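Chemist: just the structure for this:
(6 chains, ligands or ions: 35)
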Amino acid sequence: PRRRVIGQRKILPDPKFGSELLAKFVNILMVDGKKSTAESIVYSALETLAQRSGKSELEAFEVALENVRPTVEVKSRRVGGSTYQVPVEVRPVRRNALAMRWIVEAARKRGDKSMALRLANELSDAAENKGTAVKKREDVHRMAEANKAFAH
Amino acid sequence: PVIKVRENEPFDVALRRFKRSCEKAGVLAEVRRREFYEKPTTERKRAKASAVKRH
Amino acid sequence: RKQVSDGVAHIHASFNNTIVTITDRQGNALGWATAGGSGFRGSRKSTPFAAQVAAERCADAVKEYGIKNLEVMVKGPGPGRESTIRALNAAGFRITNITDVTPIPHXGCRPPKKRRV
RNA sequence: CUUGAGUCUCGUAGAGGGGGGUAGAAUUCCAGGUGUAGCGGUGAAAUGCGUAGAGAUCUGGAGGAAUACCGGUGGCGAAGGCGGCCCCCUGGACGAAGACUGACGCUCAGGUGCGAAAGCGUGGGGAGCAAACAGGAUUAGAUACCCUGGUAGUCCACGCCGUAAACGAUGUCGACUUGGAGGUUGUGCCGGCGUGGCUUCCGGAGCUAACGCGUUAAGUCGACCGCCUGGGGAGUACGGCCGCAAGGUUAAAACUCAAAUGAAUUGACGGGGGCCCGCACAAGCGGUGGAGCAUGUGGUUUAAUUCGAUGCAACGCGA
RNA sequence: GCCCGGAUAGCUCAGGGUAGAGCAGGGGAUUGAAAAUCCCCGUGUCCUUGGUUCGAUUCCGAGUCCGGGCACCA
RNA sequence: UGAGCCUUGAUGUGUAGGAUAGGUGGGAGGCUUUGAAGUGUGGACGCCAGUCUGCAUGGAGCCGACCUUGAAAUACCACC
Ligand SMILES: [Mg+2]
Ligand SMILES: [Mg+2]
Ligand SMILES: [Mg+2]
Ligand SMILES: [Mg+2]
Ligand SMILES: [Mg+2]
Ligand SMILES: [Mg+2]
Ligand SMILES: [Mg+2]
Ligand SMILES: [Mg+2]
Ligand SMILES: [Mg+2]
Ligand SMILES: [Mg+2]
Ligand SMILES: [Mg+2]
Ligand SMILES: [Mg+2]
Ligand SMILES: [Mg+2]
Ligand SMILES: [Mg+2]
Ligand SMILES: [Mg+2]
Ligand SMILES: [Mg+2]
Ligand SMILES: [Mg+2]
Ligand SMILES: [Mg+2]
Ligand SMILES: [Mg+2]
Ligand SMILES: [Mg+2]
Ligand SMILES: [Mg+2]
Ligand SMILES: [Mg+2]
Ligand SMILES: [Mg+2]
Ligand SMILES: [Mg+2]
Ligand SMILES: [Mg+2]
Ligand SMILES: [Mg+2]
Ligand SMILES: [Mg+2]
Ligand SMILES: [Mg+2]
Ligand SMILES: [Mg+2]
Ligand SMILES: [Mg+2]
Ligand SMILES: [Mg+2]
Ligand SMILES: [Mg+2]
Ligand SMILES: [Mg+2]
Ligand SMILES: [Mg+2]
Ligand SMILES: [Mg+2]
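Modeler: Residues are numbered from 1 along each chain as shown, chains lettered A, B, ... in the order given. Ligands and ions are numbered 1, 2, ... in the order given. Sure, the structure comes next:
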């Protein structure tokens, strides 16, 4: 805000994996404060992804995540009434947050049966570069590189 | 603003020397000053205004 | 088509566009490129990025002549005065001389009236 | 009679004026070589130019206008004004020592002369710029601001015109009255010491409604001239004089209002400047506006649909 | 009547081993707006038919239509 | 500087595949110290994968039918 005094809120870790990343993934997935439901959904999705990929739950998740992280975004800046689209770098924490938000949003728009099935299919598609999340990442990248002249 | 590069110096130092030579030559100032016609009354007005503001 | 091995680059930079031409010492053009001809239309046409893109494209277009030495004369006050020469050097030429050759009247004719914006 | 006023001897500085010549940079046009798909313009565009070869680049030629740097609240002139270099003609100012005339002085109604720019007549000239005009935009409209073109004019010779916020909004001449910091230009004595002319800034007494002026007075006095008498009507009508014309100069009356005005003070406002704060923006999450129902209100209906709140700060409000 | 060239997307259109470039229109990043950008999307016997060829939008014949120069014009 | 006209030398990897092999063809012998496999090196062309090309060193081998193709190997040769 106007003060630059805010702090960082600590987060409880994953029970059976001990990864803060999956806890934040559950938090992003969680709606209405029902955290047990989100934990069950994410655990089922990770289990089916691990069995259908064979590596494990963890590095398969990270590999799927890395295909969605962006490295440059676009910010509007007003100069003379007309707004320039300046390309700016993205902090790694913002990269993780954007990737998980995109993955969950893409999962919610699918015609599959259960939420875990949608999440598993989307996560595998991202892991092998065919989901809509990678499409959104490519859209952002192309829009950012199009306005490369405004990058002072 | 004629810069003849000497022996083995890098490109950056020659470019900086050329920029400095163009800065001390008042090239862009003259170019911007001759873009539009400014009346003699405005010339005297702003010259005197600069003089009094300095003092 | 011919080997000259040493030419001069003319950069014509204004507030709206930059034009780069390559010629031999006698003053016969070999190739040219422009910021507006490189897919930059409008405000984007008047930026240093477009100027250095045009510089790279013009350097590419004159490949068949085997240029190894190059002088530079730059005229005009435009934003693309320094990006172009940097891009031209990075393309592999040797900038052996830099000159500003912008015209300046020694009085001259009456400039247009001022814009009331 | 010599102190006011003027003449003579030597010198200094200066965009002071009239005439003629010449130089360099740049814009425009003309012819030619290289070379190829854009150029130009804007907040964004479009009109406009270009494959009949533009824009870019190089060579040669024609023509007109103005003189970058020096350049400076620097200089010259009564004012208006005056800026490359060179020659011819010419006006004034100041300085040092001496000589000469002997009140020859100051101001000035009527009169006469000069007087930016625009404008008018005749004859040339025309690169750049640019009223009028045409087209493209923006806009609710745009007879404008912005863009592309573009004719009188701007330039020269002669002749009219006689007006400007022609302003220091401060008539000319003379004498007297504490200081400080500079600029420019002469001169005497030994970098120091003095002494004249013009000029910029601050400030004391004094003056002023205040702002402010302050030895270059808006301080204290003397001589002469011009001008003012509430605001509109009106610097207008009629008459005279001047002009080719546009118009200039002198200059009222009826009627109407109780004010019009100057300087400064306290706030408020600014599509003025500086510094800050708030789920005020920016980052996120969940909603309302669509559907069904509950409830309040407006409106319409009724014998009555009781009364009040009814921009934010009334409408699941008094209840 | 003859000769000369053409038939390709919704439009304009180049092209013996393929169907191609731009804009039109639709949605969304997108902002109050045209901008302006990004993203895709289709948009096809390459006029019809027949004929060679390992298959022809391509080469060949006959037809439908457009344009040009001619000829008949008693 | 245009148009036709001969002669030469190149030029032509849909997909097979050692092979940047067009229609056609008498037809597996030419080539070879008339210095030849393979070379350093000059150079051309190029859907840049590969075709063409002088000299030098070097010294005398490549080689036709062979399996994939619609076809063989510019082994000479001729028709476009
Ligand atoms: Mg202009
Ligand atoms: Mg003089
Ligand atoms: Mg003079
Ligand atoms: Mg030319
Ligand atoms: Mg003076
Ligand atoms: Mg004199
Ligand atoms: Mg004189
Ligand atoms: Mg006497
Ligand atoms: Mg007098
Ligand atoms: Mg008089
Ligand atoms: Mg005049
Ligand atoms: Mg006139
Ligand atoms: Mg005239
Ligand atoms: Mg005339
Ligand atoms: Mg013009
Ligand atoms: Mg108009
Ligand atoms: Mg007057
Ligand atoms: Mg004046
Ligand atoms: Mg006055
Ligand atoms: Mg006095
Ligand atoms: Mg004072
Ligand atoms: Mg007074
Ligand atoms: Mg006085
Ligand atoms: Mg006085
Ligand atoms: Mg009058
Ligand atoms: Mg009269
Ligand atoms: Mg007042
Ligand atoms: Mg204020
Ligand atoms: Mg304020
Ligand atoms: Mg917000
Ligand atoms: Mg509702
Ligand atoms: Mg009520
Ligand atoms: Mg009541
Ligand atoms: Mg009421
Ligand atoms: Mg309530």
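
Chemist: grab the nearest non-local neighbour of whichever residue of chain C sits closest to chain B.
Modeler: Of chain C, the residue with the smallest distance to chain B, taken as C-beta to the nearest C-beta, is residue C:100 at 3.7 Å. Quick note: C-beta positions are derived from backbone N, CA and C, even for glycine. Once flanking residues are discounted, residue C:100 sits nearest to residue B:1: 3.7 Å by C-beta to C-beta, 6 or more residues apart in numbering or on different chains.

Chemist: number of residues surrounding residue C:57?
Modeler: Taking other C-beta atoms under 10 Å in any protein chain shown as the neighbour definition, residue C:57 ends up with a count of 18.

Chemist: now swap in the one 5 residues further on and tell me
Modeler: Using other C-beta under 10 Å, the number of residues around residue C:62 comes to 21.

Chemist: what sits against the closest residue to it other than its chain neighbours?
Modeler: In this structure, residue C:62 finds its nearest non-sequential neighbour in residue C:31, 4.2 Å apart by C-beta to C-beta, 6+ apart. Residue C:31 is in contact with C:21-22, C:58, C:61-62, counting by C-beta atoms under 8 Å, 6 or more residues apart in numbering or on different chains.

Chemist: pretty sure residue C:31 sits in a strand.
Modeler: Yes - counting by DSSP: H, G, I helix; E, B strand; the rest coil, residue C:31 falls inside a strand.

Chemist: ok, what's across the strand from it?
Modeler: Per DSSP bridges, residues listed as beta-bridge partners of residue C:31: residue C:22.

Chemist: do the helix or strand hosting residue B:47 and RNA strand D meet at all?
Modeler: Following DSSP states H and E, one finds residue B:47 within helix B:40-54. Yes - for a cut-off given as C-beta under 7 Å from any atom of the strand, helix B:40-54 has contacts with RNA strand D, namely B:47-48, B:51-52.

Chemist: ok, stretch C:44-57 next?
Modeler: Yes - with C-beta under 7 Å from any atom of the strand as the threshold, stretch C:44-57 lies in contact with RNA strand D, specifically through C:45-46.

Chemist: buried residues, that stretch. List them.
Modeler: C:44-57 (16 or more other C-beta atoms under 10 Å in any protein chain shown).

Chemist: near chain A, which of those show up?
Modeler: Among the buried residues of stretch C:44-57, the ones lying near chain A by C-beta under 8 Å from any C-beta of the partner chain are C:44, C:47, C:49-50.

Chemist: and the residue most central in space within chain B, how far is that from residue C:11?
Modeler: Taking C-alpha atoms, centre = their mean as the criterion, residue B:26 is the residue nearest the geometric centre of chain B, at 2.0 Å. With distances taken as C-beta to C-beta, to the nearest Å, residue B:26 is found 20 Å from residue C:11.

Chemist: gap between the helix ranked longest in chain A and the chain center?
Modeler: Counting residues, the longest helix in chain A under DSSP state H turns out to be helix A:35-53. Distance, stretch centre to chain centre, for helix A:35-53: 16 Å (C-alpha atoms, centre = their mean, to the nearest Å).

Chemist: my guess is the residue nearest to residue C:100 contacts residue B:23. True?
Modeler: No - taking contact to mean C-beta atoms under 8 Å, the distance of 9.5 Å between residue B:1 and residue B:23 leaves them out of contact.

Chemist: which one's more surrounded, the two?
Modeler: Here residue B:1 and residue B:23 are compared on neighbour count by other C-beta under 10 Å; more neighbours surround residue B:1, at 17 against 12.

Chemist: can you map out the strands along the chain?
Modeler: No chain was given, so I picked chain A. Chain-ordered strands for chain A, with DSSP state E as the definition, fall at A:72-78, A:83-89.

Chemist: correction: the question concerned chain C.
Modeler: C:6-13, C:18-24, C:29-34, C:69-75, C:95-100.
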